[PDB]
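Next up: a single chain in structure tokens, the form deposited in one PDB entry.
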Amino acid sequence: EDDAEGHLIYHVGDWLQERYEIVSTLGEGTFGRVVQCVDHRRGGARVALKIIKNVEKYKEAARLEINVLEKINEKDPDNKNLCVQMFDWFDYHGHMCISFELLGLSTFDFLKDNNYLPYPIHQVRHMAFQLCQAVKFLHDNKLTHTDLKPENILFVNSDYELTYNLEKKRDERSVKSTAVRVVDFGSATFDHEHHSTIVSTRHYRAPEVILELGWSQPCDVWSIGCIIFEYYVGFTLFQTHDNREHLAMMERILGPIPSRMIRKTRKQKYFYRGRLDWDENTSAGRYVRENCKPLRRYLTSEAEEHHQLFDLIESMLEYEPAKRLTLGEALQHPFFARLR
């Protein structure tokens, strides 16, 4: 039973593979749905079962995802490295199904449910540290995630308490535990594997990707910089869907693009006389000037720990991928010193 768009039709209480009993729907996307199940072959443990649509290209994509997930499990037998656990996978009549550990809301959905009020700095610290650990493990194992964003980082448990923010005169939802996992390995790429030309969701996309200079592990670090900023202020760093505007936003926030990258890119339509072809005195240019500013201007406190966070973000947003902070270096940053 498939619907017109290729989704599996199910009802609460259905069993799949005489094993997975459907309890509720956790979420839905273009690729399929994730459903909460009781796994009766695992002592009744609750799992998140991803049911991919009956679509040949999605099926093929899921097989690659499964291979990355299998590599993760293999290299992490004690489940230490903060990437989601796949417990099982099967082909269910064309629908690829992947059984995952059951987690809570994504960091995006939690942020959204909290009216986009940012995470406090001590939570940003722990969340950022875990994000760096999880992706370092990937990078250590010749993998690049390529699609890191707040939607793909879930809280292990998103139970919260109401806290009052005196500065903002509002109630805030405060997650009880900041434990997180990186999910969605559908785009993850091994060093030796065919690389897609364009990767990452627009807002999180590295300049070497936009400029088609080649990409590898460092493009994840750029995304991470963008994510950490979004946790701290609550809005996306690069709110644009246009390459040239995106590049102009980078220049306003971070300063001019290095000449070597400009010289090397085939994307010469974006450039004039060796610099970005952007007129700040147009309305397009006015928009960028009014809707973003130099990176450090986003600090909400002059206290040292806030400056330390921005030191880290700034290093992660180094234009040159070979000069960019590696995650091994990031884990040693002074910003993380306050963490246990």
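So that the term is clear: the rigid core is the largest set of C-alpha atoms that superpose within 1.5 Å between two forms. Numbers follow the displayed sequence, beginning with 1.
Participant: Mean C-alpha B-factor higher for 49-57, or for 285-293?
Facilitator: It is 285-293 that shows the higher mean C-alpha B-factor.
Participant: With reference to the PDB entry, specify whether the mean Cα temperature factor is higher for 88-96 or for 213-221.
Facilitator: Stretch with the higher mean C-alpha B-factor: 88-96.
Participant: Say you rank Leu331, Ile9, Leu317, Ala322 by Cα B-factor from the PDB entry; which sits at the top?
Facilitator: So the option with the highest C-alpha B-factor is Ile9.
Participant: Say you rank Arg244, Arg170, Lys267, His122 by Cα B-factor from the PDB entry; which sits at the top?
Facilitator: It is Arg170.
Participant: Lowest, middle or highest third: where is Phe310 by C-alpha B factor in its chain?
Facilitator: It belongs to the lowest third of the chain when residues are ordered by C-alpha B-factor.
Participant: Which third of the chain holds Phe110 when residues are ordered by C-alpha B factor: lowest, middle or highest?
Facilitator: Middle third by C-alpha B-factor.
Participant: Within this chain, which third does the Cα B-factor at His192 fall in: lowest, middle or highest?
Facilitator: Its C-alpha B-factor, which the entry lists for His192, ranks in the highest third among residues of this chain.
Participant: Lowest, middle or highest third of the chain for the C-alpha temperature factor of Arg252?
Facilitator: Answer is middle: the recorded C-alpha B-factor places it there.
Participant: For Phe238, return the chain-relative third of its C-alpha B-factor as stated in the PDB record: lowest, middle or highest.
Facilitator: Answer is middle: the recorded C-alpha B-factor places it there.
Separately, the form deposited in another entry exists; it is not shown, and the next lines address it.
Participant: Quick one: lay the two forms over each other on the core and tell me which of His195, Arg170, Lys75, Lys176 moves its CA by at least 2 angstroms between the shown form and the other one.
Facilitator: Spelled out, the residue whose C-alpha shifts by 2 Å or more is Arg170.
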